[PDB]
Ligand SMILES: Nc1nc2c(ncn2[C@@H]2O[C@@H]3COP(=O)(O)O[C@H]4[C@@H](O)[C@H](n5cnc6c(=O)[nH]c(N)nc65)O[C@@H]4COP(=O)(O)O[C@H]3[C@H]2O)c(=O)[nH]1
Ligand SMILES: Nc1nc2c(ncn2[C@@H]2O[C@@H]3COP(=O)(O)O[C@H]4[C@@H](O)[C@H](n5cnc6c(=O)[nH]c(N)nc65)O[C@@H]4COP(=O)(O)O[C@H]3[C@H]2O)c(=O)[nH]1
């Protein structure tokens, strides 16, 4: 090869070229690849002035501007990638300080405008201060006027241009009022989304139902009923979380003589002691007088270890010989012996906090008919949607939305249902209702409903005061969700909340809306396979031009997403609720349907659906050229729909990657102050990154001098007390130091759990660290989630489809290699 | 046909309809705010 | 300089040229491609100091105003200067009627939505490249 | 050894060649491809010293000006020297009016826009290469 | 013993051979493939002695001039020998006018352009290989 170049090139330039070629080949390039790369390099130097300082700077930053182009490894079709990226760079947009300051001032003024308006309306309060009859008549007539204007806004026929302009204006309204703190803006957006969704549903029901074929009519009805169900559920959910009460804890009487006695039940059937230990150690730290508290341990295993543990930590143990009605039966048996005015069921894993029994017990003495006060559930361990997807402390848990906003909203209508554990029930009403519900599997909601039907109210507190171990497998999380679904279904089949006496209609609405999520499998399946009615069969489900569909359906989705992102802000990232639903919407559906009338089990339906949608996308690619130029945008819309379904299914597959887990103790990554002291009199600070049940983690600033066999005394400071416990250096790998906690006696464990786990301040800063809900941030993240799921399935699928998924994933990666990046 | 009469009075009128919709949205949000605040006070106390 | 980082872009004048494009599309314009292109070149000319950049924008404002006036179908300054006294002496009702007939609410709505869309696009996509490409396309079509 | 830096391009005369190519494309110029490629060969042919390079450009400035003048259809300056007395005998106001009438502002606008275009496109397109390519093509056309 | 280090190519005579090629295309020369190929072979001989290299330069320069002259259709030495007395008395202006008429400035422009082209191409592509190959092709064609 060198001889030909030397015959063509002078030894200086020949040496330069040979060096460049060898540099290309050293990085794993082929002969053909490096040859074509050299040809492209020489052409580029011919045309583009790489010696110009602009191009010196551009080459210097070649990594950032061209993340998908590896300079050291040339590849075939590199000029196509370069052209695409450079065209985007010219297209893309790259004294900005003054403009940023002006924009920030504008944002601050918009945010504070409701504040100033509220101050003006409050100091000049003077809204209901007129005469009763005139006030009622005025409210009625004004409501009728508003409803008439809404009706004319909903049903008005519009042509493409008019519809587009209306959409844009109302979206601008939604965007402007979205950045408006308070609780009034939520009502504004709820009303606006209700009007827009009524407009869309009316359009679908009055202009776009195809009556020309007995084949495109039944399918259209199915899709329209799916959308009607979705709209009904959205409206009931809006009613559910319309105005969270933000209930405030009541300070208890200063004297400690009128306070009641609290009985704490910790039920256990098969859990090991290694999880109950921390809960009972933090329970002993509860800031309550020790003569008016009873912490109980109940063991369905008949185990002696819990007996010994309870005896040596100073709490009570009771076990039963006969196990009937599972948790309900065990808790009732415990209540039979609980000589206390209150019963507070704590889970076998949710660690109580010291300021629990006083931050939730004032209302039981203020409101004299209260019967249940539930407390939020916060999971410190990664749930199966966090560990498998690498989404720990980056995406909130499934229950974050519920326990942060939905039950606070339910508190307004008095429908906050017992959530399994972590709640206080006054025993006087509990004796009247017969105890814990034993019929169904969801004892909690049934017991709460039975309490509510007797007139006794219920409460809720927002502060996270209970941390527990999240689900450790996707199968077990599916089992938990399916148990909730089956229990609610059994409740409805046995006791309909809608038909009763003594309940406000709002309570019935909250109860039924809590049971519209467990029938939401059929609509999900219908939506997923809906585009397989025009691409596979030939049926116009929505008898309308493709621009009109994109102009009526689109406002509904955009306004619903915007409103929900505003109301459920730092609780549920967008498009993840869909992923959770479709993960559930194959196994919760069969039980409810029966009631109405990789993995060979977990992820078979995902494989079925991805195969069907891939057949659909292939046939759609067929129809794009064979189809008439009129019926062209319909294929484009249906292909976008199938692509969305494919992203959904890829995410569903991705969630099912059960990763390696050998950490015996789940690590809670929080920053707390600690210190280390050696046998010299000098104290060294340390930066603590995380702790666990039997360990810790500290990064010493400087790493002065320690070894793997030296003894270091660890000093833990809380408030104004310093605590000393023996620690052993476990890992020494530079700035990261490993520690292992030896087994201890009772008091040492109480002090340690109070110093690390049961701190009622860490979860607040944790919630402060939650990333804001951002649609665009979700986009690439969810796309990568789907791609990872597809790749994993391609790895662990049957061979006959392993090849198919392999070639498909290869094509996807090859195409994404060309797509520009910022 | 009166409904068609009003429609034709606003078939090419999406902007006035949008503004009237905004006005009704504000009014309905206001009445809902009143009722919800009253219910909230009647519940909490 | 080495790289001349004085090609900052048209910045605000993107709306100016987009409004001119819209008014030419509607059919109300006697568009002048050469003068529009020279105005774009004057707006995009690189200048070292920021003071001269600000002065260039300030001097371009009245010239841009005059160019936009010249590109419309409205009468020239001679008629305005000759009929200002008559307009002042006219009754208020005639002036109000003329003002009402002058303003088209559809035009105002289109211009406002164009401004909002320009705000969004400038927040996302660089507009100067598109504006100059359209100006070059118009000039090439006209001269050919 | 930075010997390449003796072959830099005709950056600074790329505007010269682009203006002349445009003027030819509008038909206002009497073109000689051989002479133009001779001038391009002069420009791209190095000199041993940067001082010698500056001297080359100082010598080429009269040469470039003369080539631009003679390439245009203007009469020879010897006639101007001979008839300067007759021109001075004519009225000066008429001469001023005539020279104000002669200047075409459309070509001046095109020249200004081309200057801005060159000063921006000297990054993504090298202009000495393209100038010499078009010059070679025109020479080939005038040879065959 | 490193004889291969002295194979630097035809070097300075590449311009001479390309000049002859350009003339032959222009037809102002009667080419002698035998004599010129003999000159090429004479230059081909590698000699390690640099003083002998200077001597071979001093021998080739008259040889090169003689070959270039004799390859011209110009009148032979007999005619100038006979008419030197008459020609020497005439003014050099007539001689230079006749030279310019016989050899036009097109040839000198091509020579300047080809000098620039050869100088720049003798920093990227081995010119001697191609020049020798084309000389061999010319000799082969003239043989048949
Ligand atoms: N032998 C040992 N090394 C320890 C221990 N604690 C910390 N390290 C070291 O510190 C790193 C901790 O990574 P991370 O931030 O938890 O982030 C981790 C974590 O997200 C995940 N990961 C790796 N191994 C495990 C594991 O065994 N269990 C779990 N749950 N995640 C793991 O991958 C990331 C990279 O971890 P590594 O590459 O292993 O790098 C590990 C490892 O080198 C320990 O108890 N034993
Ligand atoms: N926070 C923290 N704790 C530390 C660290 N080093 C040691 N420990 C504590 O000491 C125990 C023993 O870990 P090991 O001897 O490294 O033996 C480890 C190691 O072989 C492996 N392992 C656990 N986590 C990781 C990990 O992230 N990366 C790797 N590479 N191995 C891990 O599993 C064994 C059991 O570890 P664990 O169950 O976590 O239980 C750990 C943990 O409680 C450290 O850097 N950070």
Is it fair to say residue E:125 is assigned to a loop (DSSP other than H, G, I, E, B), away from chain D (no Cβ under 14 Å) and out of contact with any strand residue (DSSP E or B) (no Cβ under 7 Å at 6 or more places or on another chain)?
yes
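Which residue out of A:625, A:643, A:691, A:608 is within 24 Å of residue A:554 (Cβ to Cβ) and either away from chain C (no Cβ under 14 Å) or within 16 Å of ligand 1 (Cβ to nearest atom) (or both)?
Working: A:625 fails: within 24 Å of residue A:554 (Cβ to Cβ); A:691 fails: within 24 Å of residue A:554 (Cβ to Cβ); A:608 fails: within 24 Å of residue A:554 (Cβ to Cβ).
Exactly one residue qualifies, and that residue is A:643.
Between C:61, C:74, which is assigned to a loop (DSSP other than H, G, I, E, B) and away from chain D (no Cβ under 14 Å)? Show your work before the answer.
Details: C:61 fails: assigned to a loop (DSSP other than H, G, I, E, B).
Being assigned to a loop (DSSP other than H, G, I, E, B) and away from chain D (no Cβ under 14 Å) holds for just one of C:61, C:74, which is C:74.
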Evaluate the following for residue A:139: is it over 21 Å from residue A:177 (Cβ atoms) and within 14 Å of chain B (Cβ to nearest Cβ)?
yes
As an exercise: evaluate residue A:723 against (1) farther than 22 Å from residue A:467 by Cβ; (2) part of a strand (DSSP E or B); (3) over 35 Å from the mean Cα position of the chain (by Cα) and give the number of the one condition it does not meet.
(1)
Looking at the stretch A:139-152, is at least one residue within 33 Å of the chain's Cα centre (by Cα), crowded, with 20+ Cβ neighbours inside 10 Å and part of a helix (DSSP H, G or I)?
no
For the stretch A:228-240, check the following and say yes or no: at least one residue is touching a strand residue (DSSP E or B) at 6+ places or on another chain (Cβ under 9 Å) and surrounded by 14 or more Cβ atoms within 10 Å (Cβ to Cβ).
no
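Looking at the stretch A:643-662, which of the residues that are within 16 Å of ligand 2 (Cβ to nearest atom) and over 20 Å from the mean Cα position of the chain (by Cα) is farthest from residue A:785 (Cα to Cα)?
Among residues in the stretch A:643-662 that are within 16 Å of ligand 2 (Cβ to nearest atom) and over 20 Å from the mean Cα position of the chain (by Cα), the one farthest from residue A:785 (Cα to Cα) is A:662.
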Look at residue A:201 and say whether it is within 29 Å of the chain's Cα centre (by Cα), within 11 Å of chain B (Cβ to nearest Cβ) and in a helix (DSSP H, G or I).
no
Out of E:89, E:109, I need the residue that is over 30 Å from residue E:7 (Cβ atoms), over 14 Å from the mean Cα position of the chain (by Cα) and either within 14 Å of chain D (Cβ to nearest Cβ) or surrounded by 12 or more Cβ atoms within 10 Å (Cβ to Cβ) (or both). Which one?
E:109
Would you check which residues across the stretch C:128-144 are facing another protein chain (nearest Cβ under 10 Å) and surrounded by 15 or more Cβ atoms within 10 Å (Cβ to Cβ) and list them?
C:128, C:129, C:130, C:132, C:135, C:136, C:139
Looking only at the stretch A:101-136, how many residues end up being more than 12 Å from chain B (Cβ to nearest Cβ) and not in a helix (DSSP H, G or I)?
5
Filter the stretch A:701-720 down to the residues that are part of a loop (DSSP other than H, G, I, E, B) and either within 10 Å of ligand 2 (Cβ to nearest atom) or within 14 Å of residue A:755 (Cβ to Cβ) (or both) and list them by number.
A:719, A:720
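Rundown of residues vs (1) loosely packed, with under 12 Cβ neighbours inside 10 Å; (2) under 19 Å from residue A:673 (Cα atoms); (3) more than 16 Å from ligand 2 (Cβ to nearest atom), yes/no style:
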position: A:740; (1), (2), (3): no, yes, no
position: A:751; (1), (2), (3): no, yes, yes
position: A:754; (1), (2), (3): no, yes, yes
position: A:763; (1), (2), (3): no, yes, yes
position: A:773; (1), (2), (3): no, no, yes
Counting only residues in the stretch A:663-697 that are near ligand 2 (Cβ under 9 Å from one of its atoms) and outside any loop (DSSP other than H, G, I, E, B), the one nearest to residue A:736 (Cα to Cα) is identified as A:697
Number of the condition not met by residue A:649 [criteria: (1) over 30 Å from residue A:796 (Cα atoms); (2) away from ligand 1 (no atom under 12 Å from the Cβ)]:
(1)
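Scan the helices (runs of 4 or more DSSP H) fully inside the stretch A:728-799 and keep the ones with 3 or more residues being under 24 Å from residue A:468 (Cβ atoms) and away from ligand 1 (no atom under 16 Å from the Cβ). Talk me through it step by step, then tell me what you get.
Numbers: elements: A:746-756, A:762-768, A:775-795.
Because the criterion is at least 3 residues that are under 24 Å from residue A:468 (Cβ atoms) and away from ligand 1 (no atom under 16 Å from the Cβ), the helices (runs of 4 or more DSSP H) in the stretch A:728-799 that meet it are A:746-756, A:762-768.
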Give the stretch A:665-688 a look and list any residue that's within 16 Å of ligand 1 (Cβ to nearest atom) and out of contact with any strand residue (DSSP E or B) (no Cβ under 9 Å at 6 or more places or on another chain), or say none.
A:666
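Every read-out reported here was derived from the displayed coordinates using simple, explicitly stated rules and does not represent laboratory data. With ideal geometry, Cβ positions are generated from the backbone for all residues, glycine too; neighbour counts draw on all protein chains shown.
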